[PDB]
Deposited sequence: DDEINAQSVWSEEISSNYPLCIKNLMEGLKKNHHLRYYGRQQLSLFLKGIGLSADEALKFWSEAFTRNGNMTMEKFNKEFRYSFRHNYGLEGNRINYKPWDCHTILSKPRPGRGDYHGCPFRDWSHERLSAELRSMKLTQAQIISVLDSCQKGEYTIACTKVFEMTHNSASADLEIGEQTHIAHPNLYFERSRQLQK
């Protein structure tokens, strides 16, 4: 828990390593104090994969869902705690919940209104992406190249370009591990 814990996953240092899909999910969670089912699975299994323990996950999710008075601790416990415990096997299930790879993510139903799951390289407008990429200090030529991949449907190539441009088998957890190792 020294490195990855319920508090450090909200740090700039740790979150700087998240790919765009995980950034989007974290932002939706931060703003709305909730995620719908598919996003609740994509993010929770990603965080399990980077080493967030069962206890730290329950802290993370309960604090995020109850933040800013969004719901009571009792409503979280009655309506969501089981679901997060289930993802960790804490009620004894033996289902093989592994983090979702990019192909799995892309194959989930496309996000509609109020959804944050999926792959932003596919799901965001080019204007939405460009603004997101300018905030990551990419220049126009860089953005044009990323968007060219997106228009071709090559979402994981777009994501790989973003990784290369922001640093000095496609899987969000690999992006994270690859990025985090470059901080060490």
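Note: segment 169 to 181 is the sole part of the deposited sequence with no C-alpha coordinates in the structure.
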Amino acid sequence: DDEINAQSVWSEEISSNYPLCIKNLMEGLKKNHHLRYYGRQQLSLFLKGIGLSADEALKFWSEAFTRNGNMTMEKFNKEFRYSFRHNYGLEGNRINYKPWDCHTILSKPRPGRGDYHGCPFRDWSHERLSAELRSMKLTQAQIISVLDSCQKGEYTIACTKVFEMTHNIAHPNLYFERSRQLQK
From here on, numbers count along this sequence of modelled residues.
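The PDB entry records a higher mean C-alpha B factor for 64 to 72 than for its counterpart among 64 to 72 and 22 to 30. Comparing the deposited coordinates for 149 to 157 and 40 to 48, the stretch with the larger average C-alpha B-factor is 149 to 157. Out of 119, 129, 58, 35, the entry records its largest CA B-factor for 129.
For the set 173, 17, 11, 166, the maximum C-alpha B-factor listed in the entry falls on 166.
Among all modelled residues in its chain, residue 182 ranks in the highest third by Cα B-factor. When all modelled residues of the chain are sorted by CA temperature factor, residue 106 is found within the middle third. Compared with the other modelled residues of the chain, the Cα B-factor recorded for residue 97 ranks in the highest third.
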